[PDB]
Structures are given as structure tokens and as C-alpha cells.
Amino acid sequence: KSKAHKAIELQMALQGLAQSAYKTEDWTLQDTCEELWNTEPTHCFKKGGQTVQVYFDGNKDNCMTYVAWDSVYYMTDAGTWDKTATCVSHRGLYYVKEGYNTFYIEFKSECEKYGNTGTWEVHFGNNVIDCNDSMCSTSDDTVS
């Protein structure tokens, strides 16, 4: 099985996470399971899921939902674990990885799946995220 390898990658990641600066934070069994590990953004740990609603075309129906993680844990090339927030823009969901915006969901490609108008509206909680800005948790390298 190609999964036999997956369990191995996850284990090594957890070994690193266990020695990282975030080992003191609360980590549930769910936070560390394979299912989540293989969920976008992959190769990362994430906590604090937040619902992002996207409306394609000018219709409240046909409303797709996505999860924006309050905290995203990625590993630098050096192999060190950093913690950052998920950013929600009209373009999609991303996290800054070593200074660069990294998307794990592109709303344009998502609109090509549902929404002939090629138009979509992003809602995050009680805020409509259009413009060139975006919302994100306040999470940073600081340990919880």
C-alpha cells in the first residue's frame, strides 16, 4: 500500500514536532491523525479550523465551504517547525511560508468547477473578503 509510506512520513513529522517549540501546546489525537495530515495544506499540521464560505456567480445557493486553519505548522527546508496563520483572500487560502504566500486552495480553479460566470464572492465569518486584502488569524511563531 502507498499508505504504508504515509504513516512513516507522518511519524517522522511528529518526531520533529515533538522536539519543536510547539510540543508544549495542546495536541489532540485528531490534530495528529493521518486523515488530517493528508488534508490541505498537506505536509503540515493545523489547528483551529474556521469556515470560509464562497458563493459562485451571483447566487447564495451553490455555496461552497472551505476550512481556514487558525494555525498552520510547516517545516522549513532546514527542517525546523514554524507556526503561522491561514490567510483568506478573494484569490484563495494561503499561509506565508518563509516570507512567501503559499496557496492550498485557489478559488479561481474552484470556480471552474462550479460557476460559469467565473465570478465568486468570499465570506469569512461576518466579513466579505473582496478587495485586495484578506483576513487571517493572529497566530504567529509564538507558542500558545
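So that there is no doubt, residue numbering starts at 1 and follows the sequence shown.
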Q: With reference to the PDB entry, specify whether the mean Cα temperature factor is higher for 131-139 or for 13-21.
A: 131-139
**Q.** Between the two ranges 33-41 and 53-61, the one averaging a larger CA B factor in the entry
**A.** 53-61
Q. So among 84, 116, 28, 89, who wins on Cα B-factor in the entry?
A. 116
Q: Taking the chain's C-alpha temperature factors as the reference, tell me which third residue 77 falls into: lowest, middle or highest.
A: highest
